[PDB]
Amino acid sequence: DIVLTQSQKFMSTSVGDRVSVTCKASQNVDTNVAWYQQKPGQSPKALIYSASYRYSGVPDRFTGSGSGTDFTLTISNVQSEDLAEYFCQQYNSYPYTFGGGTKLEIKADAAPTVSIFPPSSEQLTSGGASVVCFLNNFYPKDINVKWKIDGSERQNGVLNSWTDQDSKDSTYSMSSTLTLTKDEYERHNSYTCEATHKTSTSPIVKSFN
């Protein structure tokens, strides 16, 4: 199988600047690459065939180039209606491969507002104990959180999920929750959210007892 890799997982831009998605093929595709646009929830829409030829309905601001191994899809004048994920597809040989995506998010700057919540009485009675942490309205989607119980970093039990980029605030928001057992909760008396981010040289921490 040919491996198409779009290096930039997803890249930022402004409401007017030009953006250029790239993807590299592990072999020679020789101008047999298509590009698709997919807004969340819907099916993708085809933009370009054979790396340079564009379909009729596509706006002329979209244009692609590239040959052999390196291919680049460039949007010349983005608008809010172009904020979506873009895939390159090689159809030179079987099987057709698709490579990763690239979401065109808009650049912003926001520090996360962290919030820690201890498990309430209802969950404790049900035989479980889930301690949640909330990170709301921060732009750099790459953010690292670390649960440290009694000062010792905990590895297992934590699962987190990010929201999509809010159209009104242009910000992301993530929530980490440490699903723990009932008995394993009262054994320790200290719980902290250690969230490492790029907006601050020092992390923002919240705790309880």
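Numbers for residues come from their place in the sequence shown, where the first is 1.
Looking at 147 to 155 and 25 to 33 together, the entry lists the larger mean B-factor for 147 to 155, computed on C-alpha atoms. Higher mean CA B-factor, judged across 198 to 206 and 1 to 9 from the recorded values: 198 to 206. The residue among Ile75, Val131, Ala111, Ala84 whose C-alpha carries the highest B-factor in the deposited model is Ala111. As recorded in the entry, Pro140 carries the highest CA temperature factor of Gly57, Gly41, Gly66, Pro140. When the modelled residues of the chain are ordered by C-alpha B-factor, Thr181 sits in the highest third. Split the chain's modelled residues into thirds by C-alpha temperature factor. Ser167 is in the highest one. Compared with the other modelled residues of the chain, the Cα B-factor recorded for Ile116 ranks in the middle third. Per the PDB record, residue ranking by Cα B-factor puts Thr125 in the highest third of the chain.
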